[PDB]
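Take a look at this single chain, the form deposited in one PDB entry, given in structure tokens.
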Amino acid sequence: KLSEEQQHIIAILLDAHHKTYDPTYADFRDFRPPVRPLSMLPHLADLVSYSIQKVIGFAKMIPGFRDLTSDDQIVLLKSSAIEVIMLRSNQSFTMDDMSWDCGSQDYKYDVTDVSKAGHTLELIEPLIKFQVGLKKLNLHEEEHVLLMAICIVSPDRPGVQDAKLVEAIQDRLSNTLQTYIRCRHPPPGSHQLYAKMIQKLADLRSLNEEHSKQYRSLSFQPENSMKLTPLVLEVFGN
């Protein structure tokens, strides 16, 4: 059932993820150092700005993405950026202590670190529950990278102009994912896996909404906006 075109799409998305996700976390030394109010805001703002650039690199390699206009590519990335970053960070999240382990003690982030960047339990509690539930899915890397692409290319993002073209690109990705689960994911892990994965996308939309709320309250203080980066201000708002 898995056509050669569908196998082609998976190979590209796997390669795109490997070219944009460094599992050594080497570049983290270039950030402003972490201090453990809002002592973690400089470091974590540098982390998000770094990851936005990686999300852009990944999106450019999604089949069909560069058939969209630059206006549509911009609005899809603006809307999905924080969702894809939260989804990507599942690779560093660990159940042993409910933290994001990125190679060393300096770059291990727990719930208190996120709150030392200006965010509250309104976001942190659903965020942790998202990371746990995603880990319980035990996704193949093939499914992990397909979910990242489906999240970016969604027709209902605000500001989309050629939703019909966005929908066509997403449908080709969704059919690849559904057929992949069918032929390559054995039961019982296969059980309603596609529906469970789309529920995680719905979880990410809610997390996106709460983050935007807390970001605007954060960046409304000029002393806080001083600590952000120019790319973060362009993407998330000034």
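The term rigid core refers to the maximal set of C-alpha atoms that superpose within 1.5 Å between the two forms. Position 1 is the first residue in the sequence shown; the rest follow in order.
This protein has a second form, the form deposited in another entry, left out of what is shown; the following refers to that one.
Colleague: Which of 182, 29, 60, 191 has its C-alpha displaced by 2 Å or more between this form and the one not shown after core superposition?
Modeller: Looking at each option in turn, only one qualifies, and it is 191.
Colleague: Does superposing the core leave residue 214 with a CA shift of 2 Å or more between this form and the one not shown?
Modeller: After core superposition, the displacement of the residue 214 C-alpha between this form and the one not shown reaches the 2 Å mark, so yes.
Colleague: Are residue 189 and residue 88 closer or farther apart at the Cα level in the other form than shown, by 3 Å or more?
Modeller: Compared with this form, residue 189 and residue 88 lie farther apart in the other form.
Colleague: Your call: residue 191 and residue 169 CA atoms, closer or farther in the other form versus the shown structure, by 3 Å or more?
Modeller: Compared with this form, residue 191 and residue 169 lie closer in the other form.
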